[PDB]
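*Asks:* After the structure tokens below, expect a handful of questions from me.
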There are 2 protein chains.
Amino acid sequence: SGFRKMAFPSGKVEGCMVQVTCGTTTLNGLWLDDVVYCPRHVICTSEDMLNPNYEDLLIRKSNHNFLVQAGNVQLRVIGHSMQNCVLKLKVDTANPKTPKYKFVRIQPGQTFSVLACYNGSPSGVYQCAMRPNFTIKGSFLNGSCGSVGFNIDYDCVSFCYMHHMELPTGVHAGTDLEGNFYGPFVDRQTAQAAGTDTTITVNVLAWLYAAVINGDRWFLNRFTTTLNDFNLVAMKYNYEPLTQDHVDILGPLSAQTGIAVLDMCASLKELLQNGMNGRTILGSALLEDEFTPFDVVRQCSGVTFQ
Amino acid sequence: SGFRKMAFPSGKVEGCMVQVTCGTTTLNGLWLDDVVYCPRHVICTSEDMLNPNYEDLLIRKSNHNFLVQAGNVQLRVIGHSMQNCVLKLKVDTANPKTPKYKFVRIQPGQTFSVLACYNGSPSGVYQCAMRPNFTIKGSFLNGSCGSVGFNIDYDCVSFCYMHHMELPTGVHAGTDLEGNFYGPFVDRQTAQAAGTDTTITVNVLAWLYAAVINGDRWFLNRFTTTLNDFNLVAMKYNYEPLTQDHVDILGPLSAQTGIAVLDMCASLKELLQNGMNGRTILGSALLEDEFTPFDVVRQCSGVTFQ
Ligand SMILES: *[C@H](O)[C@H](C[C@@H]1CCNC1=O)NC(=O)[C@H](CC(C)C)NC(=O)[C@@H](NC(=O)OCc1ccccc1)C(C)C
Ligand SMILES: *[C@H](O)[C@H](C[C@@H]1CCNC1=O)NC(=O)[C@H](CC(C)C)NC(=O)[C@@H](NC(=O)OCc1ccccc1)C(C)C
């Protein structure tokens with residue numbers, strides 16, 4: 001037993017990380033088949049970033065202005081193009097470590113693993129959630145741009161995030177692998193509002209089911225509630241409204257534990273109204289919302305990948 | 001910026017995981033050069049585990065009783081031996097993916113990454129700490145035994161933990177890679193006491209320095225204290241006593257932030273005496289002790305590996 005915030009094994013993604021240099025700026029790229037993907041602001045000087053005309057800036061660049069380095073293997077760039085906020089550098093060599101992969105645009109509330117990288121070399125791996133306001137709460141320094149977020153289904157890597165920027169909150173924003181930002185953000189150094197975040201209710205419930213599976217059951221109360229009744233409590237506390245789609249998603253956990261979803265909701269409602277009274281759940285003094293129902297099920301059934 | 005519990009990239013370790021079967025029992029092994037390492041209780045039936053005579057049980061086994069499977073690559077066993085609580089199976093093939101590696105016995109309070117595995121295939125990666133009472137708080141199911149904990153120094157993997165068992169607390173116990181248990185535990189299905197745990201004071205301070213580096217400074221108070229004065233508060237709250245060795249280890253963080261260690265101690269003392277008053281630090285409502293000073297420094301300087 002036990003419950004931990006667990007990332008996917010990162011080996012398949014490690015084999016795809018490269019270093020991309022244009023001028024003095026160096027960031028990370030993702031090398032898949034014969035294409036390297038990276039944030040387009042690799043082409044900017046520090047001054048360009050205040051208000052870059054990326055088309056005009058890219059026109060001044062040629063294939064040989066982009067240095068792509070894979071460890072010490074070094075790639076010849078034979079084509080470049082800009083797709084939304086990413087550059088696609090065509091290289092003369094297919095990555096021999098390319099895994100089976102897909103590009104996906106994830107939904108708010110979903111989770112993924114981030115492989116944090118600098119100069120094209122992995123530093124660490126951690127799990128997180130796409131917030132309802134399309135930010136993530138990551139750990140990113142200068143040079144981390146181009147680091148990617150991903151999920152694994154057995155042998156297939158689904159890439160879902162590429163890091164671009166940090167917002168005036170310490171929160172992080174980026175794009176999918178077609179270069180479209182999650183949320184309203186643009187790749188410019190100018191003040192930008194994230195907007196109000198909300199707590200991912202279905203993930204909190206999943207985590208309460210995790211707790212029960214692992215022996216933590218003090219919060220299991222006596223009451224029940226209704227969807228509307230619970231949803232009134234939800235928006236008081238800036239939780240996303242629960243839907244029948246969410247109830248259905250929680251079905252397997254409900255069947256494993258014998259606790260109806262609406263009964264679990266009544267426990268959550270009391271936790272929101274009364275706090276935790278200095279107690280903890282699964283080692284936490286806060287209600288955790290960065291585990292999806294699938295995350296809980298994979299961790300309590302031992303799903304593997306390779 | 002931002003601060004996350006970050007594991008090491010696991011690719012180098014993924015390449016070493018194998019499946020070991022003896023009779024009906026299947027667990028994970030670590031394949032390095034031409035030796036596979038795994039918990040010796042792979043040789044036990046469910047009934048043997050109540051009080052196994054491992055020498056007597058191992059005598060009934062021959063090389064061909066051990067099935068070692070690496071993905072679908074399958075290894076010929078040409079020798080076996082028991083070292084403390086691990087078996088060493090000699091195989092006829094050196095692992096072509098063997099990284100530069102070392103076997104280390106870590107100290108309580110240190111951290112390492114765990115690659116959780118089932119049937120020889122990685123499921124997830126997460127960071128944790130060797131508690132002062134030589135347990136870890138992991139996430140481990142049936143079949144996870146033989147999963148390993150490790151640290152990376154650039155290209156060298158230092159293996160420090162192999163998982164063996166779960167204790168009547170939901171906590172986990174295991175050995176180093178020479179098969180010596182951390183703590184007083186034995187590999188027998190019989191009730192076993194872990195003993196009182198304590199909070200790792202130097203790690204809490206490191207995490208408070210992390211917080212200041214990342215803008216969380218509300219807890220920075222006005223007071224100072226002394227080592228003895230703080231150490232009296234420490235043992236009231238079952239924190240390890242702080243030593244001058246710990247003060248020196250915190251030197252670089254003290255120099256980066258301009259906060260004397262004893263000033264930070266005075267903040268910690270007030271947090272222990274008064275609680276957090278419903279506030280959070282780095283997204284947590286509890287004082288976190290599973291980041292070492294080195295962990296903080298690597299995450300706030302961007303150290304990479306390959
Ligand atoms: C690329 O690796 C780099 C990663 C960030 C450095 C520190 N943390 C990070 O995640 N990203 C950048 O340098 C971007 C480049 C832009 C997109 C052209 N810049 C930023 O992330 C800045 N943030 C920003 O401009 O957001 C708007 C803003 C916020 C606050 C105040 C003014 C503007 C960041 C370095 C401030
Ligand atoms: C091997 O993969 C397995 C992993 C554990 C299964 C569930 N969680 C795990 O980490 N380990 C075992 O099956 C060991 C085998 C022993 C060492 C021969 N057994 C256990 O971990 C049991 N724990 C145990 O015997 O500890 C003492 C005890 C505790 C509580 C009550 C009675 C005895 C565990 C399966 C209870």
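To be explicit about the labels: the chains of the structure tokens are called A, B, and onward in the order shown, and within each one the residues are counted from 1, while ligands get numbers from 1 in the order they are shown.
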Identify, on the basis of only C-alpha atoms, every residue whose closest approach to stretch 259-272 of chain A does not exceed 10 Å; exclude the query and any residue fewer than 5 positions from it along the same chain; express the result as number ranges by chain.

*Replies:* A: 201-202, 204-206, 208-209, 212, 218-227, 229-234, 236-237, 239, 242, 246-248, 250-251, 253-254, 277, 286-287

*Asks:* Output N, CA and C atoms of each residue in that selection to a file, as a CSV table (one decimal), in the first residue's frame.

*Replies:*
```csv
chain,number,residue,atom,x,y,z
A,201,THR,N,-12.6,19.1,-8.6
A,201,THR,CA,-13.4,18.3,-7.7
A,201,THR,C,-13.2,16.8,-7.9
A,202,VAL,N,-13.4,16.3,-9.1
A,202,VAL,CA,-13.3,14.9,-9.4
A,202,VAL,C,-12.0,14.3,-9.0
A,204,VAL,N,-10.1,15.5,-6.4
A,204,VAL,CA,-10.1,15.4,-4.9
A,204,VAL,C,-10.9,14.1,-4.5
A,205,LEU,N,-12.0,13.9,-5.1
A,205,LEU,CA,-12.8,12.7,-4.8
A,205,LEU,C,-12.0,11.4,-5.0
A,206,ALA,N,-11.3,11.4,-6.2
A,206,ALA,CA,-10.4,10.2,-6.5
A,206,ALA,C,-9.4,10.0,-5.4
A,208,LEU,N,-9.7,11.0,-2.2
A,208,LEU,CA,-10.4,10.5,-1.1
A,208,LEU,C,-10.6,8.9,-1.2
A,209,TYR,N,-10.9,8.5,-2.4
A,209,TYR,CA,-11.0,7.0,-2.6
A,209,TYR,C,-9.7,6.3,-2.4
A,212,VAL,N,-9.1,5.9,1.3
A,212,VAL,CA,-9.9,4.8,1.9
A,212,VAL,C,-9.2,3.4,1.6
A,218,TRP,N,-10.9,8.2,8.5
A,218,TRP,CA,-11.5,9.0,9.6
A,218,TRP,C,-12.6,10.0,9.0
A,219,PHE,N,-12.4,10.5,7.8
A,219,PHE,CA,-13.3,11.4,7.2
A,219,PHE,C,-14.6,10.8,6.7
A,220,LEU,N,-14.6,9.5,6.6
A,220,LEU,CA,-15.9,8.9,6.1
A,220,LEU,C,-17.0,9.2,7.1
A,221,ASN,N,-17.9,10.0,6.7
A,221,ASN,CA,-18.9,10.4,7.7
A,221,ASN,C,-20.1,9.6,7.5
A,222,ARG,N,-21.2,10.1,8.1
A,222,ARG,CA,-22.5,9.5,8.2
A,222,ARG,C,-23.5,9.9,7.1
A,223,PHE,N,-23.3,11.1,6.6
A,223,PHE,CA,-24.3,11.8,5.8
A,223,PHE,C,-24.2,11.4,4.4
A,224,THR,N,-25.2,11.8,3.6
A,224,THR,CA,-25.1,11.8,2.2
A,224,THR,C,-25.5,13.2,1.7
A,225,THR,N,-25.5,13.4,0.4
A,225,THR,CA,-25.9,14.6,-0.2
A,225,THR,C,-26.4,14.4,-1.7
A,226,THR,N,-26.8,15.5,-2.3
A,226,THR,CA,-27.2,15.4,-3.7
A,226,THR,C,-26.2,16.2,-4.5
A,227,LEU,N,-26.3,16.0,-5.9
A,227,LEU,CA,-25.3,16.7,-6.8
A,227,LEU,C,-25.5,18.2,-6.6
A,229,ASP,N,-27.0,19.8,-4.1
A,229,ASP,CA,-26.6,20.2,-2.8
A,229,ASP,C,-25.1,20.3,-2.7
A,230,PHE,N,-24.4,19.3,-3.2
A,230,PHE,CA,-22.9,19.4,-3.1
A,230,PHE,C,-22.4,20.5,-4.0
A,231,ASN,N,-23.0,20.7,-5.2
A,231,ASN,CA,-22.5,21.7,-6.1
A,231,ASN,C,-22.7,23.1,-5.6
A,232,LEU,N,-23.7,23.4,-4.7
A,232,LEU,CA,-23.8,24.6,-4.0
A,232,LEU,C,-22.6,24.8,-3.1
A,233,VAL,N,-22.2,23.8,-2.3
A,233,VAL,CA,-21.0,23.9,-1.5
A,233,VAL,C,-19.8,24.1,-2.4
A,234,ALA,N,-19.7,23.4,-3.5
A,234,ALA,CA,-18.6,23.5,-4.4
A,234,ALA,C,-18.2,24.9,-4.8
A,236,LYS,N,-19.2,27.8,-3.5
A,236,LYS,CA,-18.7,28.6,-2.3
A,236,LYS,C,-17.2,28.4,-2.2
A,237,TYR,N,-16.7,27.2,-2.3
A,237,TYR,CA,-15.3,26.9,-2.1
A,237,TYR,C,-14.4,26.9,-3.3
A,239,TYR,N,-14.6,25.1,-6.0
A,239,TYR,CA,-14.3,23.7,-6.6
A,239,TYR,C,-15.1,23.7,-7.9
A,242,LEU,N,-19.5,19.3,-9.9
A,242,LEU,CA,-19.5,17.9,-10.2
A,242,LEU,C,-20.6,17.5,-11.1
A,246,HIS,N,-18.6,13.0,-14.2
A,246,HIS,CA,-17.6,12.8,-13.2
A,246,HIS,C,-18.0,11.6,-12.3
A,247,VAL,N,-19.3,11.5,-12.0
A,247,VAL,CA,-19.7,10.4,-11.1
A,247,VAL,C,-19.4,9.1,-11.8
A,248,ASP,N,-19.6,9.0,-13.1
A,248,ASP,CA,-19.4,7.8,-13.9
A,248,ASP,C,-17.9,7.4,-13.9
A,250,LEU,N,-15.8,8.0,-11.7
A,250,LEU,CA,-15.5,7.5,-10.4
A,250,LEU,C,-16.1,6.1,-10.1
A,251,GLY,N,-16.8,5.5,-11.0
A,251,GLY,CA,-17.5,4.3,-10.8
A,251,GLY,C,-16.6,3.2,-10.3
A,253,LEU,N,-13.7,3.1,-8.7
A,253,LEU,CA,-13.3,3.4,-7.4
A,253,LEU,C,-14.5,3.2,-6.4
A,254,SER,N,-15.7,3.6,-6.8
A,254,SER,CA,-16.8,3.4,-6.0
A,254,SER,C,-17.1,1.9,-5.8
A,277,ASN,N,-9.2,20.0,11.0
A,277,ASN,CA,-9.0,20.0,12.5
A,277,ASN,C,-7.6,19.5,12.8
A,286,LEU,N,-3.9,19.3,3.4
A,286,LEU,CA,-4.7,20.0,2.4
A,286,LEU,C,-5.4,18.9,1.6
A,287,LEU,N,-6.5,19.4,1.0
A,287,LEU,CA,-7.2,18.5,0.0
A,287,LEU,C,-6.5,18.5,-1.3
```

*Asks:* Please report as a PyMOL selection string which residues of chain B come no farther than 6 Å from chain A, using only C-alpha atoms.

*Replies:* chain B and resi 1-4+6-11+121-126+138-141+285+304

*Asks:* Take chain A, superimpose it onto chain B by least squares using every C-alpha atom paired in sequence order, and output the result as a short mmCIF file (atom, residue, chain, number, x, y, z; two decimals) with C-alpha atoms, in the first residue's frame.

*Replies:*
```cif
data_model
loop_
_atom_site.label_atom_id
_atom_site.label_comp_id
_atom_site.auth_asym_id
_atom_site.auth_seq_id
_atom_site.Cartn_x
_atom_site.Cartn_y
_atom_site.Cartn_z
CA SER A 1 11.13 29.42 -10.02
CA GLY A 2 8.81 27.00 -8.26
CA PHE A 3 9.64 24.01 -6.10
CA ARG A 4 8.59 20.42 -6.67
CA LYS A 5 9.45 17.04 -5.22
CA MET A 6 11.60 15.93 -8.16
CA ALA A 7 12.94 12.45 -8.85
CA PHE A 8 16.01 11.66 -10.87
CA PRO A 9 15.44 10.78 -14.53
CA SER A 10 14.99 7.03 -14.41
CA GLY A 11 16.18 5.91 -17.88
CA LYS A 12 19.53 4.51 -16.73
CA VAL A 13 17.75 2.35 -14.12
CA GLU A 14 14.92 1.26 -16.45
CA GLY A 15 17.55 -0.47 -18.60
CA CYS A 16 18.51 -2.70 -15.63
CA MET A 17 15.14 -3.98 -14.47
CA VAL A 18 14.40 -7.68 -15.01
CA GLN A 19 11.79 -10.19 -13.90
CA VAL A 20 12.90 -13.04 -11.61
CA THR A 21 10.75 -16.17 -11.12
CA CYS A 22 11.41 -19.09 -8.79
CA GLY A 23 8.50 -21.49 -8.49
CA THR A 24 5.32 -19.43 -8.52
CA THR A 25 6.80 -16.29 -6.93
CA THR A 26 7.78 -13.50 -9.33
CA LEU A 27 9.55 -10.27 -8.38
CA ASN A 28 11.95 -7.69 -9.82
CA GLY A 29 15.69 -7.99 -10.20
CA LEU A 30 18.48 -5.56 -11.01
CA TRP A 31 20.71 -6.68 -13.89
CA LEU A 32 24.20 -5.13 -13.75
CA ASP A 33 27.09 -6.59 -15.77
CA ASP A 34 26.49 -10.38 -15.60
CA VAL A 35 24.79 -10.46 -12.17
CA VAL A 36 21.10 -10.14 -11.33
CA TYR A 37 20.25 -8.94 -7.79
CA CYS A 38 16.89 -9.64 -6.15
CA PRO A 39 15.34 -10.24 -2.72
CA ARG A 40 16.06 -13.71 -1.45
CA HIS A 41 12.45 -14.29 -0.51
CA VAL A 42 11.80 -15.00 -4.19
CA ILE A 43 12.56 -18.61 -3.15
CA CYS A 44 9.70 -18.75 -0.61
CA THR A 45 6.20 -20.10 -0.84
CA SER A 46 3.48 -18.14 0.93
CA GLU A 47 3.79 -20.57 3.86
CA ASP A 48 7.61 -20.41 4.02
CA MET A 49 7.37 -16.67 4.68
CA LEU A 50 6.04 -17.14 8.23
CA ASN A 51 9.46 -18.44 9.35
CA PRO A 52 11.81 -19.28 6.48
CA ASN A 53 15.13 -21.05 6.85
CA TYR A 54 16.61 -19.43 3.78
CA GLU A 55 19.71 -21.63 3.72
CA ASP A 56 17.62 -24.80 3.78
CA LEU A 57 15.21 -23.43 1.18
CA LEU A 58 18.00 -22.29 -1.17
CA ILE A 59 19.67 -25.70 -1.04
CA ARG A 60 16.61 -27.21 -2.73
CA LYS A 61 17.12 -24.81 -5.67
CA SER A 62 19.42 -25.14 -8.69
CA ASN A 63 20.47 -22.61 -11.36
CA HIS A 64 17.70 -23.78 -13.72
CA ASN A 65 15.01 -23.13 -11.08
CA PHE A 66 15.51 -19.36 -11.50
CA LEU A 67 13.85 -17.81 -14.57
CA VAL A 68 15.28 -14.40 -15.39
CA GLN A 69 13.46 -12.45 -18.11
CA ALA A 70 14.60 -9.06 -19.44
CA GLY A 71 11.64 -7.84 -21.44
CA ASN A 72 11.56 -10.89 -23.68
CA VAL A 73 15.34 -11.27 -23.73
CA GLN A 74 15.85 -14.26 -21.52
CA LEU A 75 18.96 -14.95 -19.54
CA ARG A 76 20.77 -18.18 -18.76
CA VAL A 77 21.55 -18.58 -15.05
CA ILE A 78 24.97 -20.16 -14.51
CA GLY A 79 25.51 -19.50 -10.81
CA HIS A 80 23.61 -18.41 -7.72
CA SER A 81 24.50 -17.32 -4.24
CA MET A 82 22.93 -15.59 -1.28
CA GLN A 83 24.52 -12.46 0.18
CA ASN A 84 22.68 -11.45 3.36
CA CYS A 85 19.07 -10.88 2.23
CA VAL A 86 19.74 -10.72 -1.52
CA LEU A 87 20.30 -13.37 -4.14
CA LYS A 88 22.98 -12.86 -6.79
CA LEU A 89 22.22 -14.82 -9.95
CA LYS A 90 25.14 -15.06 -12.33
CA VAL A 91 23.96 -14.90 -15.94
CA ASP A 92 25.82 -15.74 -19.14
CA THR A 93 25.31 -12.28 -20.66
CA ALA A 94 26.43 -8.85 -19.48
CA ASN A 95 23.67 -6.24 -19.53
CA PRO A 96 24.55 -4.08 -22.56
CA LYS A 97 22.68 -1.20 -20.90
CA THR A 98 24.70 -1.29 -17.69
CA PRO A 99 25.36 2.30 -16.57
CA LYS A 100 28.33 3.42 -14.58
CA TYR A 101 27.21 2.47 -11.10
CA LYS A 102 28.12 2.14 -7.43
CA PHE A 103 26.47 0.41 -4.46
CA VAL A 104 26.04 2.76 -1.51
CA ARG A 105 24.56 2.48 1.95
CA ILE A 106 22.83 5.80 2.54
CA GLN A 107 22.39 7.56 5.83
CA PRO A 108 19.07 8.35 7.55
CA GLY A 109 17.79 11.71 6.36
CA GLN A 110 19.19 11.30 2.85
CA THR A 111 16.88 11.14 -0.15
CA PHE A 112 16.70 8.95 -3.21
CA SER A 113 14.45 8.19 -6.17
CA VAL A 114 12.46 4.93 -6.31
CA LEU A 115 11.58 3.23 -9.59
CA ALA A 116 8.53 1.14 -8.76
CA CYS A 117 8.37 -2.02 -10.90
CA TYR A 118 6.14 -5.08 -11.45
CA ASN A 119 7.14 -8.23 -13.37
CA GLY A 120 10.34 -6.43 -14.29
CA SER A 121 8.61 -3.42 -15.94
CA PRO A 122 8.73 0.15 -14.55
CA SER A 123 5.46 1.68 -13.37
CA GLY A 124 6.47 5.03 -11.83
CA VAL A 125 9.20 7.09 -10.20
CA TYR A 126 9.11 9.14 -7.01
CA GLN A 127 11.40 10.74 -4.48
CA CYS A 128 11.76 10.01 -0.83
CA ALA A 129 13.75 10.00 2.30
CA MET A 130 15.25 7.38 4.47
CA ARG A 131 13.52 8.14 7.75
CA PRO A 132 15.56 8.31 10.96
CA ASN A 133 13.93 5.01 11.92
CA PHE A 134 15.20 3.36 8.66
CA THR A 135 11.79 3.05 7.02
CA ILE A 136 10.55 4.77 3.88
CA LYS A 137 7.05 5.99 3.06
CA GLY A 138 6.64 4.52 -0.40
CA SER A 139 3.97 3.17 -2.76
CA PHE A 140 4.43 -0.59 -3.10
CA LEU A 141 2.05 -3.45 -4.01
CA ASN A 142 2.43 -7.25 -4.30
CA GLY A 143 5.15 -7.94 -6.89
CA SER A 144 7.02 -4.66 -6.26
CA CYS A 145 9.85 -6.37 -4.34
CA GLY A 146 13.20 -5.91 -6.00
CA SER A 147 12.33 -2.36 -7.04
CA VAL A 148 15.27 -0.11 -6.28
CA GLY A 149 16.12 3.33 -4.98
CA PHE A 150 18.99 5.32 -6.41
CA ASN A 151 20.69 8.69 -6.85
CA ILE A 152 22.53 9.96 -9.94
CA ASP A 153 25.80 11.94 -10.10
CA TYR A 154 26.05 13.00 -13.76
CA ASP A 155 26.59 9.60 -15.40
CA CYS A 156 27.01 7.39 -12.29
CA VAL A 157 24.01 5.62 -10.72
CA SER A 158 24.45 5.03 -6.98
CA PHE A 159 22.04 2.28 -5.98
CA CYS A 160 21.08 2.52 -2.36
CA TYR A 161 17.85 0.60 -1.69
CA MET A 162 16.07 -2.58 -2.72
CA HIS A 163 12.49 -3.04 -1.57
CA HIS A 164 11.61 -6.08 0.56
CA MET A 165 8.58 -5.58 2.78
CA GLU A 166 5.73 -3.54 4.21
CA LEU A 167 5.40 -2.95 7.99
CA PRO A 168 2.26 -2.69 10.17
CA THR A 169 2.02 1.05 9.55
CA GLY A 170 1.88 1.09 5.78
CA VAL A 171 5.58 1.97 5.84
CA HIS A 172 8.24 0.14 3.88
CA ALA A 173 11.53 -1.59 4.64
CA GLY A 174 14.34 -2.94 2.54
CA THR A 175 18.06 -3.48 2.14
CA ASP A 176 21.08 -1.96 0.53
CA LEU A 177 22.40 -3.77 -2.56
CA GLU A 178 24.64 -5.99 -0.41
CA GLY A 179 21.45 -7.30 1.17
CA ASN A 180 21.76 -5.69 4.62
CA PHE A 181 18.45 -4.31 5.91
CA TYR A 182 18.23 -0.68 6.81
CA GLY A 183 17.14 -0.80 10.44
CA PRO A 184 16.33 -3.81 12.64
CA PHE A 185 14.03 -5.62 10.23
CA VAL A 186 14.22 -9.24 9.04
CA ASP A 187 12.62 -10.75 5.94
CA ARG A 188 10.00 -12.79 7.76
CA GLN A 189 6.20 -12.39 7.90
CA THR A 190 6.07 -11.64 11.60
CA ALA A 191 5.05 -8.49 13.46
CA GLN A 192 7.95 -6.03 13.61
CA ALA A 193 8.37 -2.70 15.38
CA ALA A 194 9.82 0.25 13.49
CA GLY A 195 10.30 2.42 16.57
CA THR A 196 9.77 6.12 17.02
CA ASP A 197 10.40 8.31 14.04
CA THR A 198 11.72 11.85 14.17
CA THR A 199 11.57 14.81 11.80
CA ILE A 200 14.75 15.59 9.84
CA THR A 201 15.52 19.10 11.10
CA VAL A 202 18.27 20.01 8.64
CA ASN A 203 15.94 19.06 5.73
CA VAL A 204 13.13 21.26 7.11
CA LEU A 205 15.55 24.20 7.28
CA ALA A 206 16.72 23.48 3.73
CA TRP A 207 13.09 23.62 2.62
CA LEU A 208 12.55 26.93 4.46
CA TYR A 209 15.54 28.29 2.50
CA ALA A 210 13.92 26.94 -0.68
CA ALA A 211 10.76 28.82 0.28
CA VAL A 212 12.61 32.14 0.69
CA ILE A 213 14.38 31.67 -2.65
CA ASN A 214 10.94 31.25 -4.24
CA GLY A 215 9.26 34.27 -2.62
CA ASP A 216 7.52 32.63 0.36
CA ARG A 217 8.87 34.69 3.23
CA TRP A 218 5.91 35.34 5.57
CA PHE A 219 7.44 33.05 8.19
CA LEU A 220 10.67 35.06 8.30
CA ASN A 221 10.34 36.47 11.75
CA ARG A 222 12.24 38.96 13.87
CA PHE A 223 13.87 36.75 16.48
CA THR A 224 17.02 34.71 16.67
CA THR A 225 17.96 31.77 18.86
CA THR A 226 20.84 29.54 19.90
CA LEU A 227 21.59 25.93 19.07
CA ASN A 228 20.78 24.73 22.60
CA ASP A 229 17.75 27.00 22.75
CA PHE A 230 16.51 25.63 19.43
CA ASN A 231 17.47 22.07 20.35
CA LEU A 232 15.25 22.24 23.43
CA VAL A 233 12.34 23.12 21.15
CA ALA A 234 13.46 20.38 18.75
CA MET A 235 13.03 17.50 21.16
CA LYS A 236 9.73 18.73 22.47
CA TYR A 237 8.53 18.39 18.87
CA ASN A 238 10.46 15.19 17.95
CA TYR A 239 12.82 16.95 15.54
CA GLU A 240 16.40 15.70 15.34
CA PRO A 241 18.85 17.90 17.27
CA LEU A 242 20.67 20.38 15.06
CA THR A 243 24.49 20.17 15.07
CA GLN A 244 27.24 22.44 13.81
CA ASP A 245 27.76 19.92 11.00
CA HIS A 246 24.19 20.69 9.94
CA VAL A 247 24.80 24.44 10.20
CA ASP A 248 27.83 24.07 7.91
CA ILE A 249 25.87 21.99 5.39
CA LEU A 250 23.34 24.82 5.22
CA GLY A 251 26.11 27.33 4.53
CA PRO A 252 25.56 27.75 0.79
CA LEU A 253 21.84 28.37 1.22
CA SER A 254 22.59 30.81 4.04
CA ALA A 255 25.01 32.68 1.75
CA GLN A 256 22.57 32.73 -1.18
CA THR A 257 19.70 34.19 0.90
CA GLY A 258 21.57 36.31 3.44
CA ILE A 259 19.68 34.62 6.28
CA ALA A 260 21.78 33.24 9.11
CA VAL A 261 20.97 29.62 9.98
CA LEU A 262 20.19 30.56 13.58
CA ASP A 263 17.77 33.22 12.36
CA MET A 264 16.06 30.58 10.21
CA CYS A 265 15.99 28.31 13.29
CA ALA A 266 14.12 31.06 15.17
CA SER A 267 11.52 31.09 12.40
CA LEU A 268 11.25 27.30 12.62
CA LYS A 269 10.91 27.45 16.40
CA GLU A 270 7.97 29.84 16.05
CA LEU A 271 6.37 27.65 13.40
CA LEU A 272 6.64 24.65 15.72
CA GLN A 273 5.26 26.56 18.71
CA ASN A 274 2.42 28.39 16.94
CA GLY A 275 1.57 26.29 13.88
CA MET A 276 0.98 27.78 10.45
CA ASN A 277 -2.39 29.43 11.27
CA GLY A 278 -3.95 28.00 8.14
CA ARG A 279 -1.25 29.39 5.85
CA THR A 280 0.94 27.38 3.48
CA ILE A 281 4.64 27.25 2.56
CA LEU A 282 5.57 26.16 -0.96
CA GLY A 283 2.04 24.82 -1.37
CA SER A 284 2.11 22.75 1.85
CA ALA A 285 0.29 23.09 5.17
CA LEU A 286 2.92 20.94 6.93
CA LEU A 287 6.62 21.36 7.55
CA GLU A 288 8.34 19.25 4.87
CA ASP A 289 11.47 17.23 5.70
CA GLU A 290 12.17 15.13 2.58
CA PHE A 291 14.43 17.67 0.79
CA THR A 292 18.11 17.64 1.71
CA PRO A 293 20.21 20.80 1.41
CA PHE A 294 21.71 19.26 -1.75
CA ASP A 295 18.21 18.65 -3.16
CA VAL A 296 17.33 22.33 -2.69
CA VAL A 297 20.61 23.51 -4.25
CA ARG A 298 20.31 21.24 -7.30
CA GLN A 299 16.73 22.36 -7.89
CA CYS A 300 17.62 26.05 -7.55
CA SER A 301 20.76 25.84 -9.76
CA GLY A 302 19.54 23.44 -12.46
CA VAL A 303 22.02 20.57 -12.17
CA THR A 304 21.69 18.05 -15.02
CA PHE A 305 22.80 14.46 -15.67
CA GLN A 306 23.79 12.29 -18.66
#
```

*Asks:* Mind listing the alpha helix (DSSP H) residues of stretch 38-165 of chain A, per DSSP on the backbone, as a ChimeraX atom specification?

*Replies:* /A:54-59

*Asks:* Give me every strand (DSSP E) residue in stretch 20-250 of chain B, going by DSSP on the backbone, as number ranges by chain.

*Replies:* B: 20-22, 25-32, 35-39, 66-70, 73-75, 77-83, 86-91, 100-103, 111-118, 121-129, 148-153, 156-166, 172-175
